[PDB]
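Starting from 1, each residue takes its place in the sequence as its number. Both counts, for ligands and for their atoms, begin at 1 and track the order of listing.
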Amino acid sequence: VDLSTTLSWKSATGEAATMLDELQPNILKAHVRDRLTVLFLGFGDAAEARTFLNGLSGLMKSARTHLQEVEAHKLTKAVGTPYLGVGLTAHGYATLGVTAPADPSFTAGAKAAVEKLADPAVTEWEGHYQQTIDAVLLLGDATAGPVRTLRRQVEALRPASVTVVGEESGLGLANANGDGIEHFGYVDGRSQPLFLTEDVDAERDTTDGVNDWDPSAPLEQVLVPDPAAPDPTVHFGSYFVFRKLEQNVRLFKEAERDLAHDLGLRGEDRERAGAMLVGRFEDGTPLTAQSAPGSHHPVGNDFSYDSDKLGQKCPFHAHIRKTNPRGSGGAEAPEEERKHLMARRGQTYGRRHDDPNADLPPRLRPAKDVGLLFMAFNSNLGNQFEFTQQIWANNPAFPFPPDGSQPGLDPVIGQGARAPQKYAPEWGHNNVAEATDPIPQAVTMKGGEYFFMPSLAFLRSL
Ligand code: HEM
Ligand SMILES: [Mn+2]
């Protein structure tokens, strides 16, 4: 298996083909999960846990079967089957007495990452995230029905010594254009690393294109040999970040309002204040390409910041620019910068009674108990999720503006002390203004953990 480039899944042979037969879904290509049940488990007895996992492997489809289902849906509107994802924590490997993946963030666990990420202390996390977690189960589908069915089958197999220490439910949100959004109202999950050549072709043929931004990512950017598997040369897994992030929509919308007022913004153009925080409008037109919304036919991703090196269109500290400078970061060569990028597979949680894109005042938005079940696959947690959160988002110095100044923290997910930032009131011009206050932190980490999704052959071998 060649991990140095993308893979053409349809014409893969030999080991690469085997790898696909033994890989879980949702990794090389996201699985539909508009209804998602998340189950965190505790292992009371090692032998019983191994038996449980073995039975789970029986309910699991491979990456390749999933891909076929995807192709079938496009071709013939076929529905496909549910997603059963299985991850193990370092502690869960210890309970099983099995050789574990060696990523040091994985080994230490998310509770140990609290200091370097500037996370709230573990004592401030929700109760179930304070407990020792051995495993996560992901049950996902387009609709609630088959999730209920799958849950019953999982239950059937579950022994009493495998406890459920916690559960979450994901509910996908969409706008009128049919694009998925997060609670602040913005199209989310547009920009993804593409590991499959067929996905890169699709992106080229059916979106704005891939002329300016190449979304390709080598297999090594997500896949890891499964160390305890019968044959790590063909049996692969991936590291998995789960973090429950609460969104105070109310405060975020007040923040949009106050920044607009601060910058003298007027009329509908007041919406651009929000775009400055995120890097896209709600719809989400890239702020680096347009001063206003409307480019969602379809939502584009074919852009870089090479004509925006001064940040006068999209500010340096906008969320997507902080988290993917697209070669403009200034700290390392573009070819190395992009190695920190990762596959995001999150799902929103919570129910609300307001259309997230409706024209409503901030007071009518929820302030808690909705948000994002942030999820991602990494081949190297320290160099991908943690790098992005710590070295980019939380870092006041990054990315490097040509004038050598510090743009400050990512306003959407930045953690730690914040200060007022600078913005360009006039799109594409050199006028600069310093807000009267820092953007308030409207996202709160409620608890999370690190896992590894092992190969199917490993799970069967237990
Ligand atoms: C509640 C928390 C979060 C919210 C509301 C949020 C929102 C968004 C939105 C609206 C976009 C633009 C749509 C897209 O390109 O997919 C985006 C993109 C992105 N986000 Fe976040 N996000 C959150 C958490 C995170 C975290 C924790 C990370 C990493 C530590 C992250 C990394 C990224 C990356 C890498 C992109 C794509 C950037 C690009 O390639 O242009 N996000 N996010
Ligand atoms: Mn807005």
Total protein N, O or S atoms, the Mn ion (ligand 2), separation less than 2.8 Å: 2
Test: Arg321 cationic atom under 6.0 Å from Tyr305 six-membered ring centre, within 45° of axis: yes
Are there any protein N or O atoms under 3.5 Å from the N or O atoms of ligand 1? List them with distances, or say none.
residue, atom, partner, partner atom, Å
ligand 1, 15 (O), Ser191, N, 3.3
ligand 1, 16 (O), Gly189, N, 2.5
ligand 1, 16 (O), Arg190, N, 2.6
ligand 1, 16 (O), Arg344, NH1, 3.2
ligand 1, 16 (O), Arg344, NH2, 2.6
ligand 1, 20 (N), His319, NE2, 3.2
ligand 1, 22 (N), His319, NE2, 3.0
ligand 1, 40 (O), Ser191, OG, 2.6
ligand 1, 40 (O), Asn324, ND2, 3.0
ligand 1, 41 (O), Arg326, NH2, 2.7
ligand 1, 42 (N), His319, NE2, 3.2
ligand 1, 43 (N), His319, NE2, 3.0

Test of ring centre spacing under 6.0 Å for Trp213 and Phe303: no
NZ/NE/NH1/NH2 to OD/OE distance under 4.0 Å, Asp269 and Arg266: no
Short N-O contact, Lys10 and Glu198, less than 4.0 angstrom: no
Polar side chain donor-acceptor pair, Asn430 to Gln312, under 3.5 angstrom: no
Solution key, residues 277-284 side-chain donor-acceptor pairs under 3.5 Å, sequence neighbours excluded:
residue, atom, partner, partner atom, Å
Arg280, NH1, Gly284, O, 3.1
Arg280, NH1, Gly300, O, 3.0
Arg280, NH2, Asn301, OD1, 2.8
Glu282, OE1, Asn357, ND2, 3.3
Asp283, OD1, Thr285, N, 2.7
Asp283, OD1, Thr285, OG1, 2.7
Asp283, OD2, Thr285, OG1, 3.2
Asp283, OD2, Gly294, N, 2.7
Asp283, OD2, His296, ND1, 2.7

Pair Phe40 + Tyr129: ring centers closer than 6.0 Å: yes
Which donor-acceptor pairs under 3.5 Å do the side chains of residues 398-406 make with protein atoms, sequence neighbours left out?
residue, atom, partner, partner atom, Å
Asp403, OD1, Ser405, N, 3.0
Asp403, OD1, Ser405, OG, 2.7

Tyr450 ring center near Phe106 ring center (under 6.0 Å): no
